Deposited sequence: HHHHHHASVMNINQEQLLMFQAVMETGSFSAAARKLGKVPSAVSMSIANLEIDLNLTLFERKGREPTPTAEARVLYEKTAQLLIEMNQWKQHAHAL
């Protein structure tokens, strides 16, 4: 279910899109490759979408919308820090 998706999953997905591989994403995020692989698989399950064959067309759109969500999650953090 889409309701099961968490922030960690979204960050891992974004890193794979940005860097072009699971191992490059792991390096960028300071995570273990196993964690990236598992997170992406779980995201595909939750969305019931194939995200990688190289990204699918659906992954390209999801990347754009996720980037916006993450910006707003970080705007929340800025507000929370300022209180």
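Take the full deposited sequence, match it to the modelled residues, and report the stretches without C-alphas.
No coordinates exist for the deposited residues in 1 to 7, 61 to 66, so these stretches are absent from the model.
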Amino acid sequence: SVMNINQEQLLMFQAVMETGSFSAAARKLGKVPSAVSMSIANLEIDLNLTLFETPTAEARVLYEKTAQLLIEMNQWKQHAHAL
From here on, numbers count along this sequence of modelled residues.
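Mean Cα B-factor comparison, 41 to 49 or 54 to 62, giving the higher one as deposited:
Result: 54 to 62.
Can you tell me which stretch has the higher mean Cα B-factor, 69 to 77 or 18 to 26?
So the stretch with the higher mean C-alpha B-factor is 18 to 26.
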